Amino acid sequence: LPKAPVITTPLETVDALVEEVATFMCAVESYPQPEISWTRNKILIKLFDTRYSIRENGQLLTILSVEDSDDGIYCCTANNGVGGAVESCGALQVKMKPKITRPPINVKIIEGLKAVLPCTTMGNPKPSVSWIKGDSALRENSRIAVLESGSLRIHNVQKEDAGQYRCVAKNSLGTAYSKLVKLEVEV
């Protein structure tokens, strides 16, 4: 007997860390066998894409190694030619410990110029960034600010700003530490 598709397992919110496996389950009762298609943020997922393991006729979609760009709304749609099509939408929430994508480097700078030491980070939750000089918390002063980017800006660099610096980026899942870099002030 011909039966219009029904999605018996609505899509859920899947929480996944970067580099983990994540699976959406879109089980379908219908006759005949449906064709199941998938979108991420309303863009079609190609089912021969090697980033996915697609199984049980498209009822199972598995991301083999989750990346931040996998975050979004996932929808499965079932069509078998009978009755009205059916869809279910859930979300993939990608979490990630902090990653320092642009760490600070060694800088030789003329005194009086502006030094900007990068500390670009990625993570979810959004990492908070702080700075170490030598082995202790940076005493932020008038010339020295930690920018929204995580960069350390030092206006009018002085000889006493010279030293060893590193940045620290943290969230609930972990902490990343940049290597020590040498700031040298040329006088």
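The first residue of the shown sequence is 1; numbering continues from there.
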| request: Averaging only over Cα atoms, indicate whether 159-167 or 20-28 has the higher B-factor in the PDB entry. | output: 159-167
| Comparing 39-47 with 139-147, where is the mean C-alpha B-factor higher? | 139-147
| note | Among 58, 125, 118, 134, the highest C-alpha B-factor in the PDB entry belongs to 134
| query | With respect to C-alpha B-factor, does residue 154 fall in the lowest, middle or highest third of the chain as deposited? | reply | highest
| remark: Split the chain's modelled residues into thirds by Cα B-factor; residue 53 lands in the lowest
| Ranked by Cα temperature factor within the chain, is residue 90 in the lowest third, the middle third or the highest third? | lowest
| Looking at the C-alpha B-factor of residue 96, is it in the lowest, middle or highest third of its chain? | middle
| Chain third (lowest, middle, highest) by recorded CA B-factor, residue given as residue 33 | highest
